[PDB]
Each structure stands twice: as structure tokens, then as C-alpha cells.
Ligand SMILES: Nc1cc(=O)[nH]c(=O)n1[C@@H]1O[C@H](COP(=O)(O)O)[C@@H](O)[C@H]1O
Ligand SMILES: Nc1cc(=O)[nH]c(=O)n1[C@@H]1O[C@H](COP(=O)(O)O)[C@@H](O)[C@H]1O
């Protein structure tokens, strides 16, 4: 599994290059793993992945929540890995053929898929939650090794960990701004994802150091 | 929206030169192009403005937005700043996520299209069982534009029933995935067609043939 420094992944959702680079640079002593999503990529281009690599030498997880038909999923993954992403986040809700298409590209290109089962926001309770245990089981059956589950629902995060087993790698968003607690989340997740609590702080380095101290 | 010839081109070529050439070849037959992540992630969001400049077509951004409300609002902002007229959003992440997109679209004078049931086989596993409820959620939220599957005309018909004749419905899965253009247009206002046109020997003839059948 990826060795995430301090078990802390930065969700870099700032939307301009200058701020995103500044904040990431400020927290680089604490965090070697950066999640980059569409807010930054649609604002600055896929070449932002290259810039981050060049500047920081941090692993990059492309949080693209890939959720299309198998053929389009393959293309999205190929474009994403071409750009230098280490891993990509894929939705499970569209079903097994869609997830398999992503896994096939990742195997071909020597990269990793993270399967998003249950989401962290309240609306996830409407449709996703009821499918999430089966999505997770589908992942295990497909040979998925890396998973994403919600900090905001510790009981659900615990069930996801049970389903995937201790050997699988589990990362969890919803810590801080959405209400999840870092220590409680780390009972089940290998690493926590944190965005606004760090990138909106007056001193992102101090914010990162504080979270890390609180999980020692 | 008034889609010329009820035909929307799904421009999923991944190289700017091919995408512009092929779109140029079929421009006399369309006025609406769906641009997705294959082209955007390969060539940049500036491709949208380029399509507007070259073709003056309407642009639907097929981004199947599927994040938390806060991230959804950022995605929609970036997308509309790039010049998209509309964005496709998944309904399965629930009402708050959809609402976030609706809010941004209202601010910038654009439209949200709600994707309920998808066209590929895997849609049967989780999406299909939720699709009617997702459509009723769209109705509650005041969504006027929807996407449903050409490959399952009874499911497309049901979607039309739920949303009513006044809502706008577009449908992918025509051609390559097995959906029929004429049957799909019994229920949808417009069909989305990708590979059957853009992978054709003669894309212009492919489009003209389709339009001849409908
Ligand atoms: N991928 C995600 C799946 C999810 O269920 N929840 C979630 O917040 N995310 C993402 O994680 C990050 C959470 O950031 P924050 O709430 O710490 O700011 C954002 O990039 C979200 O888009
Ligand atoms: N947005 C979609 C929802 C969907 O359910 N099926 C689908 O194919 N799409 C998209 O429509 C287009 C279908 O293209 P083709 O099958 O005609 O090549 C592709 O861009 C897909 O990503």
C-alpha cells in the first residue's frame, strides 16, 4: 500500500495555481500525498499535476469520481494517468463493468484505482448508503485494493473496513469542515483526507501540524 | 433548448485536431455538441471557447458531476466560466448535491441536465432500482432537463412519464451501444450520438444518414 506520511492527505481544492502551489508548499514538511480534483484541474489544466510533481515530489491522487460507461471511463483514466497521476478515485455506483474498465487501464499503465463506496455528505443517505455494502463487496470481488469511505459516519466506515478486510487500504474524507474527527476516523481508515481545515487556515502549516499532533 | 435536427454530437475524440476537423465535417447538421472529460482532460477547458469561436454551437459539458455539494458548486463554476451552456449532473449522490449545481446554473444563466438511469449494462446493478425515485427528486427540485438511456426504451419511456411532456429529455446509447435513433425519439427530444459519427469513415454521411432515418 502507499505509505502516506503522517496518515494525512491534503485535498487541494483551491482554484487558482498561485494559491494552490503556495499552500501545498507550506505543508510539504507534513504531507507527501496530495489529492487533486476537478476544482483545481478544470481551473488550471491537467498540467497542474506535472507542476505539483516538479515542485513538491508528492504522490498525486486524482479525485475524479469517475462515473461514466466503461468506454468513457477507460479514456478518462488513460488521460489522467498520462498526466502523471499515481491513482484515480472511481465511483462504484455505476456498477462492475465501469469499475473493471478503470482497473484494466490502471493495470496496463501501472497505477492504482481507489473505489469510492459511500460518500460523506448528507445526500449520500438517499441512494448511495443503501448500496454501499454491496458496492464494497463488488470491489473486493473485482480485486480492488484501495477504497474511500466517509469520516462523517463512523459506523459505516467501520462496516466498510470489515467488508474490505485489514489488508486493503482505506482513506476517508469529511474530517474537519464536514464534522468528522481525525482520531476516530483513524480507528478504521489508514489515512484521512483533509481540505478546508488546512487550505482555508490563516497558517496551513500550523493547521496541518495541529491535526497531526492530535493523532499522536 | 432547440437542438438542430434533434441530434447532439458526443465529441469524445481526444486530440484537438481530430475533434475540430470531425466537428467541422458535421457542422451543417448540428448546432449542439456535448463535450466530456476525454476531450477536456486531453486538451484543456479552453477547447470549449474554441468550439464556440469556430462553430457557434451550444456546448453541453458531460461531466456527470457526482461530488459533495461544496465541490459540486466549484465544478459548476469552473465549467460555466469555460463557456459551457449546460452541465450533466448525476442524481444518485442525492438532492443536496443536485441543488448545489442548480444554484450555480441559476447564477450564471445556464442549465443543469439530471442523469437518472445510465445506458451501459452496469447501470442495472444499482442505478436502475433508484432511477424512478431520482427522476421524482428532479421533479421536486424543479429540474427541467434530464438524461436517460436509449438502450432501454421502456425505462426511457418511464422517465418521460415521470417528468412529463414539458420537460426536456436527451438520450445517449444510440448506435454503438445498440439504441435505435427513431425509437429513442419516440420519448426523448434529442439523441446523443458519439462513435457512430466520429469513428465513421465519412462522419458527415453518418450524420446525414441518421437524420434521414428520423
Ligand atoms: N472525494 C470525496 C468523497 C466524499 O464522500 N466526500 C468528500 O468530501 N470528497 C472530497 O474530499 C474533499 C473533502 O474536503 P474538505 O471537506 O476537508 O474540505 C473534497 O475534495 C471532496 O470533494
Ligand atoms: N453521459 C452518458 C450517460 C450515459 O448513461 N451513457 C452515455 O453513453 N453517456 C455518454 O454519452 C456518449 C455516448 O457516446 P457513444 O456511445 O454514442 O459513442 C459518451 O460521451 C458517454 O460518456
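Chains as they are written, first to last, in the deposited numbering: chain A, 8 to 223; chain B, 9 to 222. The beta-carbon is built from N, C-alpha and C at its ideal position, and this holds for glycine as well.
Problem - ligand 1 heavy atom lying under 7 Å from the CB of residue 98 of chain B - result: no
Problem - Residue-chain proximity (residue 158 of chain A, chain B), Cβ-Cβ < 8 Å - result: no
Handout entry: CB contact flag (residue 190 of chain A, residue 221 of chain A, <8 Å)
Key = The answer is yes: Cβ separation under 8 Å.
Practice task
Pull up the distance between the alpha-carbon of residue 76 of chain A and that of residue 13 of chain A, whole angstroms please.
Solution key: Rounded to the nearest whole angstrom, the C-alpha separation of residue 76 of chain A and residue 13 of chain A is 36 Å.
Practice task
Compute the distance between the beta-carbons of residue 63 of chain A and residue 43 of chain A, then report whether it is under 8 Å.
Solution key: no
Practice task
Measure how close the beta-carbons of residue 94 of chain A and residue 55 of chain A come, nearest whole angstrom, since I'm counting them as under 8 Å.
Solution key: Between residue 94 of chain A and residue 55 of chain A, the beta carbon gap of about 16 Å keeps them out of contact (Cβ cut-off 8 Å).
Practice task
May I ask you to check if the CB of residue 74 of chain A is nearer than 7 Å to at least one heavy atom of ligand 1?
Solution key: Answer for residue 74 of chain A: no, Cβ out of range of ligand 1.
Practice task
Decide if the region 119-138 of chain A is in contact with the region 97-107 of chain A; the criterion is three or more beta carbon pairs, one per stretch, under 8 Å apart.
Solution key: yes
Handout entry: Boundaries of the alpha helix (DSSP H) in which residue 206 of chain A is found, first to last residue
Key = 203-206
Handout entry: Proximal residues of chain B, C-beta to C-beta of residue 129 of chain A below 8 Å
Key = 102, 104
Exercise for the section: Give me whichever residues DSSP pairs with residue 70 of chain A in a beta bridge. Expected result: A:44
Practice task
Check whether the Cβ of residue 133 of chain B lies closer than 8 Å to any Cβ atom in chain A.
Solution key: yes
Practice task
May I ask you to check if the CB of residue 4 of chain B is nearer than 7 Å to at least one heavy atom of ligand 2?
Solution key: Nothing about residue 4 of chain B can be reported from this structure: the residues present for chain B run from 9 to 222 only.
Exercise for the section: For residue 179 of chain B, name the three-state secondary structure that DSSP assigns. Expected result: strand
Practice task
State whether the region 197-207 of chain B contacts the region 14-25 of chain B, with contact taken as three or more CB pairs (one from each stretch) at a distance under 8 Å.
Solution key: yes
Exercise for the section: Measuring only between beta-carbons, confirm whether residue 192 of chain B sits less than 8 Å from chain A. Expected result: no
Practice task
Pull out every residue of the region 40-68 of chain B whose Cβ sits closer than 8 Å to any Cβ of chain A, in chain order.
Solution key: 44, 45, 46, 48, 49, 50, 52, 53
Practice task
Just confirm the distance between the C-beta atoms of residue 177 of chain A and residue 171 of chain A, as a whole number of angstroms; I'd bet it's less than 8 Å.
Solution key: Going by Cβ atoms, the distance from residue 177 of chain A to residue 171 of chain A rounds to 7 Å, so yes, they are a contact pair.
Exercise for the section: Alpha carbon to alpha carbon, how far is residue 182 of chain B from residue 193 of chain B? Give it in angstroms, no decimals. Expected result: Separation of residue 193 of chain B and residue 182 of chain B (C-alpha to C-alpha, rounded to the nearest whole angstrom) is 10 Å.
Handout entry: Beta-carbon gap between residue 155 of chain A and residue 109 of chain A smaller than 8 Å
Key = no
Exercise for the section: Could you check the C-alpha separation between residue 32 of chain B and residue 45 of chain A for me, to the nearest Å? Expected result: 29 Å
Exercise for the section: Report the neighbours of residue 138 of chain B on chain A: residues whose CB is nearer than 7 Å to its CB, in chain order. Expected result: 134
Problem - Same chain, Cβ closer than 7 Å to residue 147 of chain A, neighbours up to 5 away in sequence not counted - result: 170, 171
Exercise for the section: Taking 8 Å as the cut-off, decide whether the C-beta atoms of residue 199 of chain B and residue 165 of chain B are in contact. Expected result: no
Exercise for the section: Tell me whether residue 187 of chain A sits in a helix, a strand or coil according to DSSP, three-state version. Expected result: Looking at residue 187 of chain A - three-state DSSP - the assignment turns out to be strand.
Practice task
May I ask which residues mark the beginning and end of the alpha helix (DSSP H) holding residue 115 of chain A?
Solution key: 103-116
Problem - Whole-Å CB distance - residue 85 of chain B paired with residue 9 of chain B, under 8 Å assumed - result: With a contact defined as Cβ atoms closer than 8 Å, residue 85 of chain B and residue 9 of chain B miss out at about 21 Å.
Problem - Exposed unless 16 or more other CB atoms sit within 10 angstroms - verdict on residue 162 of chain A - result: exposed
Exercise for the section: With a threshold of 7 Å, establish whether the CB of residue 200 of chain A neighbours any heavy atom of ligand 1. Expected result: For residue 200 of chain A, the shortest separation between its Cβ and any heavy atom of ligand 1 lies below 7 Å.
Practice task
Drop a sphere of 10 angstroms on the beta-carbon of residue 150 of chain B, count the other beta-carbons inside from all chains shown, and report buried for 16 or more, exposed for fewer.
Solution key: exposed
Exercise for the section: Rank A:167, A:50, A:90 by C-alpha distance to the C-alpha of residue 61 of chain A and give the top, closest one. Expected result: A:90
Problem - Secondary structure, beta strand (DSSP E): runs of 3+ residues fully inside the region 111-150 of chain B - result: 119-123
Practice task
Specify, as a first and last residue, the run of the beta strand (DSSP E) that residue 17 of chain B falls within.
Solution key: 15-19
Problem - Neighbour-count burial assignment, residue 210 of chain B, 16 or more Cβ in a 10 Å radius - result: exposed
Problem - Coarse secondary structure for residue 97 of chain B, derived from DSSP in three states - result: strand
Problem - Own chain partners of residue 219 of chain A with C-beta closer than 8 Å, once the 5 adjacent residues on each side are dropped - result: 13, 15, 37
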